[PDB]
Structure formats: structure tokens, C-alpha cells
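Letter by letter, the first sequence follows residues -14 to 59 in this note's numbering. Note that CB positions come from ideal geometry on N, CA and C, so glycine has one too. Have a look at the structure below, then the notes.
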Amino acid sequence: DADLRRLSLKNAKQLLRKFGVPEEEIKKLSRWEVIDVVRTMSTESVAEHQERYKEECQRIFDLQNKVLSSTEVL
DNA sequence: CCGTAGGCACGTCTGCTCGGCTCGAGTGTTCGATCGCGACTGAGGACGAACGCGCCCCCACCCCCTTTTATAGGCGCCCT
């Protein structure tokens, strides 16, 4: 977070251009918002923890539905 | 005198009581986490001071006013 705020708006603008951030966020260029967006993009937690639980539950549930209903002869 | 019945003793089953063990619930204490506040630092904008630029004025230099005097070609005007 330190060096991202050391980026001195202009180089952070060029970095947001490099990552592929849309031109609206580059255009507004409030520097705190820019550095929060570039920290988020360089990251790209409790809503992900429960979503990964739901994803793991859904995968095996769908897999169990497919195997035990299949009429494939093994 | 003999036979049989009764009484006692021991074994066994269970019914009660006492002791020991273990488990669960609660509360107090201590440690770690998180939040709030203050301080530091970075960035941006505004204000004041100093410098540099532009404009105006002043100063300096050179020529023009005349006279003279020799001497001569050319152009223009004025009265005879």
C-alpha cells in the first residue's frame, strides 16, 4: 500500500492503462480512488470464503447427480 | 427302641445403603485483538516578494545658418 501511494498519480494512471482498467476510472483520477483501484487490480474475503464453500458443494452435488443416474455399462 | 419331624446352620439371592469416582456446569481471570485518536507526511493551492522586461525619455553628435575670395559653365527671371 505504501509504494502504491508513492506511485505519484501519473505513473498510477499509466499502470491502470497497462492493466486494462476502463478509461472512466483513469479519467476521473481522484488519486486515492486510483490507488485503491490499482491495489484491487493487483489483488485480482469472507464473501469469497462462503462462495468457495458453495462452489465446492455445487460441484460434487452435480457430479453425484450425474454418476448415480447414469445408465452407462462399466 | 426305632422312625420321623423339627430346629439349626449354611448357601444363595436380592435389597438396601454407603463410599468412591467421574463428569458437567459455572465463574473468575488473563491474554490477545481491535478500535480510536493523534501525529507525521505528502500534495496542492494561494499569496507575497524579488527580478527582469518593456517603454519612454533624455542625451549626444553632426550638420545648418553666413562671409569671403578668386574663377567659369549652365539655368532662369526682369525690365528695355
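If you count every other CB in all the chains shown that lies within 10 Å of the CB of residue i, and 16 or more means buried, which is it?
i	result
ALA(-3)	buried
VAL31	exposed
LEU59	exposed
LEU(-6)	exposed
Smallest Cα separation from residue i: which of the options?
i	options	result
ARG(-9)	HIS34, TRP17 and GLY5	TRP17
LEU(-11)	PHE46, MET26 and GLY5	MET26
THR28	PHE4, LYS51, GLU57 and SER54	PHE4
State whether the stretch 21 to 40 contacts the stretch -7 to 12, with contact taken as three or more CB pairs (one from each stretch) at a distance under 8 Å.
The stretch 21 to 40 and the stretch -7 to 12 touch, with no fewer than 3 CB-CB distances between them shorter than 8 Å.
Could you pull out every unbroken alpha helix (DSSP H) segment of at least 4 residues lying fully inside the stretch 1 to 48, listed in chain order? As far as the stretch 1 to 48 is concerned, its whole alpha helix (DSSP H) runs of at least 4 residues are 8 to 13 and 16 to 28.
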